[PDB]
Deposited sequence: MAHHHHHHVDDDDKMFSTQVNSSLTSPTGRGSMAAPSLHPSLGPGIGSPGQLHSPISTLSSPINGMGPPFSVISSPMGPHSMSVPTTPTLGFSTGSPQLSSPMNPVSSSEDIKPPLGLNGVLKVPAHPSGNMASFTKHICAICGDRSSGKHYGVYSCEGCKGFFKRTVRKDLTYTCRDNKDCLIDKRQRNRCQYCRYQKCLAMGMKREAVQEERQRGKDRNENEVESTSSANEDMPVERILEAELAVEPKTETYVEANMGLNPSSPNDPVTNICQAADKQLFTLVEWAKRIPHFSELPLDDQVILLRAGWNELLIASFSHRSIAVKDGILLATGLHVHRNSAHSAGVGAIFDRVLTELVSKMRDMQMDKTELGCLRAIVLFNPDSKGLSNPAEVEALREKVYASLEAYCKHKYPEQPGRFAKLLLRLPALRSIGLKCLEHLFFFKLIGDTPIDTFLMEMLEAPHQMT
């Protein structure tokens, strides 16, 4: 009838938007369904013709994209059980506490060159804290490192920015120093420091952030499924949804007068990340710049 716009072979009609041969139609499908990633061994120039089209997949799929084949034109496996849930109830009545809030709570109860002293000293603490947070230890010892590497930064900040409740216009490093505001501007890090006071310390402060609620948030910042490397992201993404659940309920119990508290608690997260990124910025600027005043645990962390 027609000619396949991808390889030249005879096209058996239309498939996903273009005139494709039955072969190419199957290639596109499998690629999209099993979500595969191909790489070219030449210069992304490999020629596609009925003879040598299996010569290189990357090039072939791109020939597809270009000739107009649409990915969303593909439906998914008309043969799934699509239910990772166990019959009836997986923890009778949800248990709500598959991620017990008490455990976290307990786990929580367990100028510049001065800051980093706290950091290092505090970085050995994190393994302790995380170690105590349920389901973390049952995770692959690799993902544990990935999880803690990608989040030590944020976890550490959200810890002291709470510890600095009261103590206005200043903050207490984990060891004992009361680094006060004006004491930073001199060092040149007055911009960042102030942001911590105004969108963390402050906000956190006027909210009466329950020492629990904090730990519940640090858990969410820990169980970050997006971290690159997790041999399995689905599991991590889950343990976070569990914690969304626990904390979510924990406000229905403790703060019934505040329906929109759960959300207000989760919105402390965006700022915790900008501030967190801007800080790394001020570390890869104090390290490669040979000022090297840090210790040892800050070497693999960077």
>> As a test: can you identify every run of the deposited sequence that has no C-alpha position in this structure, in order?
In response: 1-136, 247-268, 461-467
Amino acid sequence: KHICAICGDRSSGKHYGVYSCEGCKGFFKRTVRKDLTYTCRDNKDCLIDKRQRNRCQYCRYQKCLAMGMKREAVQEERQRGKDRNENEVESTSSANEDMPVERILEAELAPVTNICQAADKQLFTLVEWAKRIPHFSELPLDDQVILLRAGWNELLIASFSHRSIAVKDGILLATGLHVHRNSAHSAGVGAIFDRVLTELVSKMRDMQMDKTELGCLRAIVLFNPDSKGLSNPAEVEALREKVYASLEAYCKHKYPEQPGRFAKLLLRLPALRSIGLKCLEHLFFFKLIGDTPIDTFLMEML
From here on, numbers count along this sequence of modelled residues.
> Hey, which bit's got the bigger mean C-alpha B factor in the entry, 87-95 or 213-221?
Replying inline: 87-95
> Of 186-194 and 123-131, which one has the bigger average CA B-factor?
Replying inline: 186-194
> Which is it among 202, 232, 75, 153: the one with the largest CA B-factor in the entry?
Replying inline: 232
>> Is residue 281 in the lowest, middle or highest third of its chain when residues are ranked by C-alpha B-factor?
In response: middle
> Going by what the PDB entry lists, where does residue 5 fall on CA B-factor within its chain: lowest, middle or highest third?
Replying inline: lowest
>> Can you tell me whether residue 293 has a C-alpha B-factor in the lowest, middle or highest third compared with the other modelled residues of the same chain?
In response: highest
> Which third, lowest, middle or highest, does the CA B-factor of residue 48 fall in along this chain?
Replying inline: highest
>> Taking only the Cα B-factors deposited for this chain, tell me whether residue 172 sits in the lowest, middle or highest third.
In response: highest
